[PDB]
Amino acid sequence: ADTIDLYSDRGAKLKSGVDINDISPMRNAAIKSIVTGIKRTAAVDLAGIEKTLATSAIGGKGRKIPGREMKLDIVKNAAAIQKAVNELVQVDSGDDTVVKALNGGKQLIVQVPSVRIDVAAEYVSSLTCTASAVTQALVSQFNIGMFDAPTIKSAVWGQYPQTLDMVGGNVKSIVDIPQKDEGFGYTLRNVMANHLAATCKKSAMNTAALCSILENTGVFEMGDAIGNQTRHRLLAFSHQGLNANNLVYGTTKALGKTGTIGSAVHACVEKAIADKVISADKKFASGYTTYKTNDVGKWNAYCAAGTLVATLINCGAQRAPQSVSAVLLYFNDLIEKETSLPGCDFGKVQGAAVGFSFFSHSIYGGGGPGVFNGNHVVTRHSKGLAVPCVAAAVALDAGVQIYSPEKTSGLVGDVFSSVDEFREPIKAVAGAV
Amino acid sequence: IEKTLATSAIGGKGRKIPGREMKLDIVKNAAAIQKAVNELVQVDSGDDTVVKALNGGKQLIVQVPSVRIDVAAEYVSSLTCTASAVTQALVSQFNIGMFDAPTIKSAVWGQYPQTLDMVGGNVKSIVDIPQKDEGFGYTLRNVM
Amino acid sequence: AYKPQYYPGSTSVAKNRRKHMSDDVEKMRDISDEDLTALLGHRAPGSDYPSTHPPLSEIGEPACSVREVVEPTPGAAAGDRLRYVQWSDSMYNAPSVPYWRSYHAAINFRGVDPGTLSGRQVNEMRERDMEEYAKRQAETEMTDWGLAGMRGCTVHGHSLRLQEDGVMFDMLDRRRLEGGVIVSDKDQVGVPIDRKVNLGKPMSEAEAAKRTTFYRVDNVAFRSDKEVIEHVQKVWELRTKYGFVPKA
Amino acid sequence: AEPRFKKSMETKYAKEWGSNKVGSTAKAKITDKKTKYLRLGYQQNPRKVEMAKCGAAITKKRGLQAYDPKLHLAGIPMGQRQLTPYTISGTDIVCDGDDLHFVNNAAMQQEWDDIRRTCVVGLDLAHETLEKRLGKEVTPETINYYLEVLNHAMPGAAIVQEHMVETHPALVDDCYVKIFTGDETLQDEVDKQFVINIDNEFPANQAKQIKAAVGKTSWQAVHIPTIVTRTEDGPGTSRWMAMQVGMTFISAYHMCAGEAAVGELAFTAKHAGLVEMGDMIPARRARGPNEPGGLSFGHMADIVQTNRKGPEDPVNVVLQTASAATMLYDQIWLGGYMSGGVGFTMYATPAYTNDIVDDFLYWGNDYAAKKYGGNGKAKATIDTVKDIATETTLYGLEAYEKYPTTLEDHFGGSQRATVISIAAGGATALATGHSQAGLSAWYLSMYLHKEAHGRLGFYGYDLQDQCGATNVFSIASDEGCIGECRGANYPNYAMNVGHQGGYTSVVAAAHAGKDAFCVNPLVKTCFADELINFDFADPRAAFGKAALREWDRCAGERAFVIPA
Amino acid sequence: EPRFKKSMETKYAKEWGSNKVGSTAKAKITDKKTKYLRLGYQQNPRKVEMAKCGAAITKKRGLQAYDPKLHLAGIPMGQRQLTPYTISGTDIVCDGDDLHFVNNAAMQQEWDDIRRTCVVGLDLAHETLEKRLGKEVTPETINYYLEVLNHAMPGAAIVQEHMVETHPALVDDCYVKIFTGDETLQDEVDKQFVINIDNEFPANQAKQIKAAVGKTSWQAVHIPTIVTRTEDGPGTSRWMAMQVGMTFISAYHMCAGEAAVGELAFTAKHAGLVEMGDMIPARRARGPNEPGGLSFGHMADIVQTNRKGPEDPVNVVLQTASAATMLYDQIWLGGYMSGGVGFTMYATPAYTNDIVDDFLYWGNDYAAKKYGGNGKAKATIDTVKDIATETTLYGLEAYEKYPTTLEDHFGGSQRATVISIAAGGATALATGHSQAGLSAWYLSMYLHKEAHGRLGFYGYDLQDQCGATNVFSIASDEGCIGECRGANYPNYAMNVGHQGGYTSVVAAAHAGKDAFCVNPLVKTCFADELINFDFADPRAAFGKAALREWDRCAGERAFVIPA
Ligand code: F43
Ligand SMILES: C[C@@H](OP(=O)(O)O)[C@H](NC(=O)/C=C/CCCCSSCCS(=O)(=O)O)C(=O)O
Ligand SMILES: [K+]
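Now the structure itself:
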């Protein structure tokens, strides 16, 4: 089996000689814990419910229902509500249910017990059991009468079931609803880049890792890591997302003062030659030489690492995210011109980047990097090797974007960042090998 | 799959693609296909994967190993990993060349990804696709 | 270390392409800082750079191992706005072509956001950093101010027949020939400015033909650059084969 | 007093219509239990004759069978009973049922086009984006230039490029953008041609209530071309809007025509600042936003504009709402999008013809107003609901029994059940100011009705009925929902005629004459605009004018670009 | 001489309006320079008509409408001369403004005719009647069924009394025909109802359709245009099923609503139904019978040129490109998925000025002569590389040799679309292989980018760069035989310049060789002159409507509104 060394977010060697199979989503205990943990987790905005009710702003998108205002002291009673929600969400006292108040009782984290996701088709019980528990707990705590109970329910659940989602509600996850999947295996890929940067507290390496874990777990669920793809996927995942052999962080540090996108291209070619991944093939009369590879999976994985290096040094230089679209395009276009070998994902990172550049600089759709995700029609096309760079780029913003994680992701970021393995996934994955 | 390929009835709903017919002795080779699919669907040799030929080799049951549903959002890896394993196994068993491989893939997967489901395909569950849910919690309720 | 080879080909077009990629380009003219700022249209010439957020020295940045090792550009440290320069280059042998303006950016400048289109090529950077890039492209052989223009909008012209005076049409008339030199008295989005910038004599047709990165059949035909065609075919073949089975 | 339907029943059953002999041979007193069945066939009715003649001409011209009344089952054509007319409620407009099918009535089509082609789009986030990213200064002057350019460009005209194709203005004269704002300075300083002036369009109490909800925020009321909404679908509306909003910001603020800030303006227009009429619905009935299935009852009630013109007659507000909503939900949506063919005109006409539901709802409101001391004053309790619903239901049942003409007009039990439940639910909601109480009354009415007559509606009418009482105050995932937020995709409501427009009227009844809106002040204000082709303040008048083929505000035709 | 000689002379060497192109701005079609007279919009009578209409609207309604002076900088269009278009293969000359889908009734009707159509089997319904009720189905019972169905389908009553009905004057475009592989049934059903496969298709094509359909029988249903415009594509099969169900009740003396009627409903709405396409995902949510769900094979089969002129397969491909590019780029991408001024000129290269036609005829001649005729080239990398490279070099050199063609196709996206249609179409025609054609399309793009140092708009080559590797991928959401790709294939789901082009490549793999590409039921459904839009000659319909002379528009409300 291919073996790699695992390094921390700052280039400290954590584990030596790790079989790449042991970082697979299908074997690594920390990936299992992170993925199943995310499936089980919901964020409750207690302050939000209290404000929705006080202002009868039921259902969002500008709505107000005159005459239906209700004053409930929810945040002041957060301890009683936390207790009741814990008892309602649990299956058996002493099981793996977690309910905790955050930020002065303005929010709850809820992690439903594992059995509610194991004996279930997908992840949505984290939203529905939380919303039902919160609604029941509020009705009981505040002695709400029958004729007012629907007002409580719609404050919590929003417009559901008129809408498919909880529009204007106060229970949320970083994952979107399964009906919004573009195809099979896309649920874990439907996490907004801003949510990931907020979860990881804007540590670019950890943001890239969390995103890469979700993207690559998604590629497995899509059926795209079977047979002649498995090793290929694990190489690119480990090298781009898990800082295998310190290629990402070590090169970023070496290039961090003067390097450009082109410096990153050249460093990748240089390292591939030194490591015997590629070698000179056909010399043309001008002196230009094409290169050949003895290991497509490994060359591709070096290109995946280099695409992230280029993101970190170019977005890091701007202290802004928008250039990530250009980085993914030009790193790969230029490395193909330099070598006559295919770039990362055989053109699919470059292609995703072409459309992502357009849809982040035009009238037609998209937005800033923070709104994209692996399920977005624009950025889906790479098999997991584009969006981790997008999420890292978001982490590096010093304040350029309007639709930042502070604007789009406060509730879910506050809740999900409280979970150590979500916030620090590199440490978790290496700790499991 | 064998009939879809022989008649180029790719995608269902009345379709036929002239010129793309392929004659593969799939059912006669079911035991070899079972073994290959078993190796492709499993994560570790000896895990809880099941692949069994049924009814004279006309069908397989595939039960993907539990980890493919545990470390996953939904159930759909049972469809996708099966469809990929069958596609790869057929390409290998019958030495299918690159220009014909999309024909095999569309015979197995149907019109996906032009359609959201595997319309005209040959891999199915009793459960329907999650995008067809009327609301939260309805996936296990979508069994005809 | 590693010596980059950049791009195949032995034609003048390929050699010019490698010059643009490597910033090995001849300075042809002087444009003052204030004249450039006037043409860009983002602030008054000579004025302080506006900020979109406070300087990094006034901001408590998140703990991040990447921020610790990647130096902000001067414009990032200062909190400058993201602003841009945009160029249109004639298909009648302008020195530049869109992708090669973007490669010049990506290879030679830190912190770039280039975009390539047929009729326009753009780069967004923190404003003071953008001006350094804009100046380099504007003063060197990469820009012929007859065959090219600075155009943030209303770009039409790259594929149109040249005017009888040899200059590429501009719907908004931002720059034109006056007395044998190109002059410009509008900013890049067409707003009149209170100065007239002298951008030098345009290149002759013969000099453009020698300096261009564009393949054109009656000058340097793409068909004649056998190395570049072979390269394209090779990358296509490998992308195709590895998409079927990712194995050498 | 005589019942409100006395005149309409005399027109229908004691006056000639066409050559139906109801002015003489078949004349009846409106209380008569018996009549004559003269078997005159379709030829008694000039409208049917026109249709038959057109059908025969089509058959001959195209060489393929078309309409022929002789192709009725058994070869026995319609008109075995006499063919009788309808009066638009509250009016003296008399017409045939055939003049009220959505296919045949251009005002009905335009009502839907005007909803489908409309969205509301904030300005504040866009202006914040310009200020922060570019340092631009936004002023009334920059906004006025933006709105001038936007009204040129929104129908499909060019702003930035050259040698461009454009839509032809002659085809898109119904497309425009107005603004409204809670910022009183901005309301005064924007050019009045663009402004929906809240103080001018609403009584002072309603204006104050709208301004309190909207604060100082500013909004664009966008109406894309009818010819486009007809070629495309509801999900095309916000996309069309956003393209032209984006182009106009580029020009009005001297931006690069395509920079990162433009992308954040795109996300603003298409997502963060966008108020669509409704969102997508599930796969079995798959549609995207701005289709009727996604339209909440609160939004539909807020689109109707009667309450700002005549709040002193809240029953009339409720009835006009029932008319506009029932037409859309039953005729176009359930009888069109979700089925088709002959469809559901007559399931819907009880909401806007012959003054029968009007009689019952005025009666229930008078009962409840006198008993509880005025609109809005009755406590929202089981006892209140039980009382108003039971007495209003008994009144309606006894009316159908006393006046055989009304029973024969509302010949289907579904029609009768809808009519009585509109009255019971509407009277309860008006008395309590409470939409949930009104729904509870609607269901009790149905249950009483079933026992009284030993029948209710069509085979599948009371699916929602029988789930109804228990789901009014349920908090279950897919059952709990405040009334104003229910709509045509609330699970129990997703299939059947006779209910969606009625519930919309019950939601309106909880607010009519008391509040400026039911659920969304942005939707309410958007439609407070006489330039909108369909008159949302008086839908009954528009339906009736178009039934006479005299309504002249149809948009979207291709006449300009085809031969005479 | 190149095929575009005449069109370039019309556009650049003859007056149009008062643009002076017959005199001071006249050019030879090879001239590299011209004059920029800055006449403004008044040089162009169509623009003047638009401006005068806009000013009248502003005044009548009291709210600003169209005004050319509201262009950016107050500099109006027409700084360069405003020049016309010739519909390819014709002498019809018009303005671009006559070709916007909003302004061209034939374009709208093309889409309405697709949207309002479905195909519905008869065999399962007849089996239901036979098994559940013991009914005997004969040509006589079928003929009565079809008579009643054609009365009822537009919205007329069969069973009840005192009923409202749709007005026949508004729904004269709605009808139902049948087609069948059963030759005896084809002859015994009343000819008014029959799409006769033998009459409509040359013998070889008829044989191939009948082999595919066997003895099965089908209804070609077209619901009213006024309805499809009021509603949406998902309304079509629902409208059909209501009236099919009513007609079975009457024609077979059923209870008017029994369990067997419910099984007939499931038959019409699900088991026996062939829609044009299925739903698409949430971000772009639409139900069935919308353009995003339309596969390229279905679009190619809707077009009817191959049954009329299979001896000119290049023309078949070009007409397919025309109908498909209009729909996918103008109405779908430029309408449904965006809007505003939209994408007329991204699409017009498929059907104006004879330029793509020149390049595709050239590539086909190259490949036919070299490999020994259409369909005879082996489907290999070497074949693809050869045809794509030589065709691309021809097209690039044409733009370079004829500055008029470069100026017409002024956007790189247009040029890339044109050349890749030629390269992909020539390859598909040579090999009979859609996948080979797609591989050529992408190689063409890659060569084009390096030749000019530019390709298309900012986001044009997303699918391009994913393209080569995804042609023969077997991945979940990448593998797909060409005929079954469509406007929802992931890489293709966003951008102009490709969907109609791929449709033409799919058609090229079958033109002159097979009667259909993917669905004989769709193919046969549209083989019907009563359908308002002429799917055999889309270019002629576009052009006649550009002149405001096309007379087959359905769905207007004129009958029920004042003049
Ligand atoms: C503002 C954008 C950015 C964006 O998101 N879309 C724009 C503008 C948008 C508008 C322009 C309408 C107007 O003039 O007001 C519309 C029509 C879409 C709409 N909103 O209806 C459009 N482009 Ni654009 N757009 C086009 C094109 C182009 C070409 C034009 C190059 C040239 O030399 O003029 C370039 C891309 C490129 O360089 O490859 C281009 C860019 C751009 N395109 C730049 C503006 C360019 C400029 O400042 O002049 N388009 C084309 O290449 C041809 C088709 C043409 C489209 C109209 C039609 O198809 O009828 C139009 C398609
Ligand atoms: C991407 C997504 O938008 P969203 O990010 O807002 O969901 C999606 N929109 C689209 O895919 C739009 C497609 C059609 C418009 C763009 C076609 S490419 S042609 C424009 C090029 S140029 O002329 O501007 O240069 C939607 O569902 O509305
Ligand atoms: K429509």
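As they're listed, the protein sequences go chains E, B, F, A and D. Just so we're aligned, residue 2 is where the first sequence starts under PDB author numbering, counting upward by one. Just so we're aligned, residue 50 is where the second sequence starts under PDB author numbering, counting upward by one. Just so we're aligned, residue 2 is where the third sequence starts under PDB author numbering, counting upward by one. Just so we're aligned, residue 2 is where the fourth sequence starts under PDB author numbering, counting upward by one. Just so we're aligned, residue 3 is where the fifth sequence starts under PDB author numbering, counting upward by one. The C-beta atom is built at its ideal place from N, Cα and C for all residues, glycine as well.
Next on the checklist: Residues of chain F with CB closer than 8 Å to the CB of D/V473, please, in chain order.
Outcome noted: Numbered from 1 along the fifth sequence, position 471 holds the residue referred to as residue 473 of chain D. Chain order gives the chain F residues near D/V473 as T241 and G244, where near means a beta carbon separation below 8 Å.
Checklist entry - Would the segment 431 to 449 of chain A and the segment 369 to 381 of chain A be scored as touching if the rule is three or more Cβ pairs under 8 Å? => result The segment 369 to 381 of chain A and the segment 431 to 449 of chain A touch, with three or more beta-carbon pairs separated by less than 8 Å.
Checklist entry - E/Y8 lies in the beta strand (DSSP E); which residues open and close that run? => result Residue 8 of chain E sits at position 7 when you count from the first residue of the first sequence. Annotation: the continuous beta strand (DSSP E) that includes E/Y8 extends over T4 to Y8.
Checklist entry - Beta carbon of A/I228: closer than 7 Å to some heavy atom of ligand 1? => result For the purposes of this step, residue 228 of chain A is taken as the residue at position 227 of the fourth sequence. Outside the cutoff, so no.
Checklist entry - Tell me, which residues are paired with E/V19 by DSSP? => result Your numbering for residue 19 of chain E matches position 18 in the first sequence. Looking at the DSSP assignment, E/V19 forms a beta bridge with E/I5.
Checklist entry - Should D/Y404 and D/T249 be called a contact, given that it needs their Cβ atoms to be closer than 8 Å? => result Taking the first residue of the fifth sequence as position 1, residue 404 of chain D is located at position 402. Taking the first residue of the fifth sequence as position 1, residue 249 of chain D is located at position 247. Contact flag unset, no.
Checklist entry - Based on Cα-Cα distance, which residue from E/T308, E/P426 and E/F285 lies nearest to E/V270? => result Reading the first sequence from its first residue, position 269 is the one you call residue 270 of chain E. For E/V270, the nearest C-alpha among the options comes from E/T308.
Checklist entry - With distances taken between CB atoms, is the gap from D/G502 to D/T92 smaller than 8 Å? => result By 1-based counting over the fifth sequence, the position of residue 502 of chain D is 500. By 1-based counting over the fifth sequence, the position of residue 92 of chain D is 90. Going by C-beta atoms, D/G502 is not nearer than 8 Å to D/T92.
Item to check | Test item: CB-CB of E/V391 and E/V350 under 8 Å | outcome: Counting from one through the first sequence, the residue named residue 391 of chain E turns up at place 390. Counting from one through the first sequence, the residue named residue 350 of chain E turns up at place 349. No; because the gap between Cβ atoms is not below 8 Å, this pair is not in contact.
Checklist entry - What residues in its chain sit with their C-beta under 7 Å from that of E/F360, if we drop five residues either side in the sequence? => result What you label residue 360 of chain E is simply residue 359 of the first sequence in a count that begins at 1. Cβ neighbours of E/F360 within its own chain (closer than 7 Å, five residues either side excluded): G366, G367 and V379.
Item to check | chain B contacts from the segment 515 to 542 of chain D (Cβ-Cβ distance under 9 Å) | outcome: When CB distances to chain B are screened at a threshold of 9 Å, the residues of the segment 515 to 542 of chain D falling below it are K515, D516, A517, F518, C519, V520, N521, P522, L523 and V524, in chain order.
Checklist entry - How long is the line joining the alpha carbons of F/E132 and F/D195, rounded to whole angstroms? => result Along the third sequence, read from residue 1 onward, the residue named residue 132 of chain F stands at position 131. Along the third sequence, read from residue 1 onward, the residue named residue 195 of chain F stands at position 194. C-alpha separation (whole angstroms): 20 Å.
Item to check | Under 8 Å between C-beta atoms of A/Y68 and D/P156 | outcome: Locating residue 68 of chain A in the fourth sequence gives position 67, where the first residue counts as 1. Locating residue 156 of chain D in the fifth sequence gives position 154, where the first residue counts as 1. Taking 8 Å as the Cβ cut-off, A/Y68 and D/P156 qualify as a contacting pair.
Next on the checklist: For a minimum of 4 consecutive residues, which ranges assigned as the alpha helix (DSSP H) are wholly contained in the segment 47 to 108 of chain F?
Outcome noted: Runs found: 75 to 79.
Next on the checklist: I'd like to know if F/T214 contacts chain A, where contact means its C-beta is closer than 8 Å to some C-beta of that chain.
Outcome noted: Taking the first residue of the third sequence as 1, we reach residue 214 of chain F at position 213. For F/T214, the answer is no, since every Cβ of chain A falls outside 8 Å of its Cβ.
Checklist entry - Is there contact between the segment 307 to 324 of chain A and the segment 209 to 224 of chain E, where contact requires at least three CB pairs shorter than 8 Å? => result Flag = no, the segment 307 to 324 of chain A and the segment 209 to 224 of chain E do not touch.
Checklist entry - Going by Cα to Cα distance, which pick from E/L335, E/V278, E/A433 and E/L197 is closest to E/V413? => result Counted from its first residue, the first sequence places residue 413 of chain E at position 412. Distance from the Cα of E/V413 is smallest, within the candidate group E/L335, E/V278, E/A433 and E/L197, for E/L197.
Checklist entry - Going straight from the alpha carbon of A/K71 to that of A/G80, what length do you get? => result Within the fourth sequence, residue 71 of chain A is the residue found at index 70, counting from 1. Within the fourth sequence, residue 80 of chain A is the residue found at index 79, counting from 1. Roughly 11 Å between the two C-alpha positions.
Checklist entry - Does the beta carbon of A/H169 fall short of 7 Å from some heavy atom of ligand 2? => result Residue 169 of chain A sits at position 168 when you count from the first residue of the fourth sequence. A/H169: no, Cβ never under 7 Å from ligand 2.
Checklist entry - DSSP three-state call for E/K65: helix, strand or coil? => result Against the first sequence, residue 65 of chain E aligns to sequence position 64. Three-state DSSP puts E/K65 in coil, outside helix and strand.
Checklist entry - D/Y254 and D/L124 look like a contact to me (Cβ under 8 Å); what is the Cβ gap, rounded to whole Å? => result Indexing the fifth sequence from 1 puts residue 254 of chain D at position 252. Indexing the fifth sequence from 1 puts residue 124 of chain D at position 122. Contact doesn't hold; Cβ gap of about 13 Å is too wide.
Next on the checklist: Any beta carbon of chain A sitting closer than 8 Å to that of F/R175?
Outcome noted: Here residue 175 of chain F is taken as the residue at index 174 of the third sequence, counted from 1. False, the Cβ-Cβ gap to chain A never drops below 8 Å.
Checklist entry - Would you say E/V135 faces chain A, with C-beta separation under 8 Å as the test? => result On the first sequence, residue 135 of chain E is found 134 positions in, with the first residue counted as 1. Taking 8 Å as the threshold, the shortest C-beta distance from E/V135 to chain A does not fall below it.
Next on the checklist: Could you check whether D/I199 and D/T471 sit closer than 8 Å to each other, using their CB atoms as the reference points?
Outcome noted: The residue you call residue 471 of chain D lines up with position 469 of the fifth sequence. The residue you call residue 199 of chain D lines up with position 197 of the fifth sequence. Not a contact, by the Cβ cut-off of 8 Å.
Checklist entry - Can you list, in chain order, the stretches of the beta strand (DSSP E) that have 3 or more residues and sit fully within the segment 168 to 224 of chain D? => result Runs of the beta strand (DSSP E) spanning 3 or more residues and lying entirely within the segment 168 to 224 of chain D occur at 177 to 182 and 219 to 224, in chain order.
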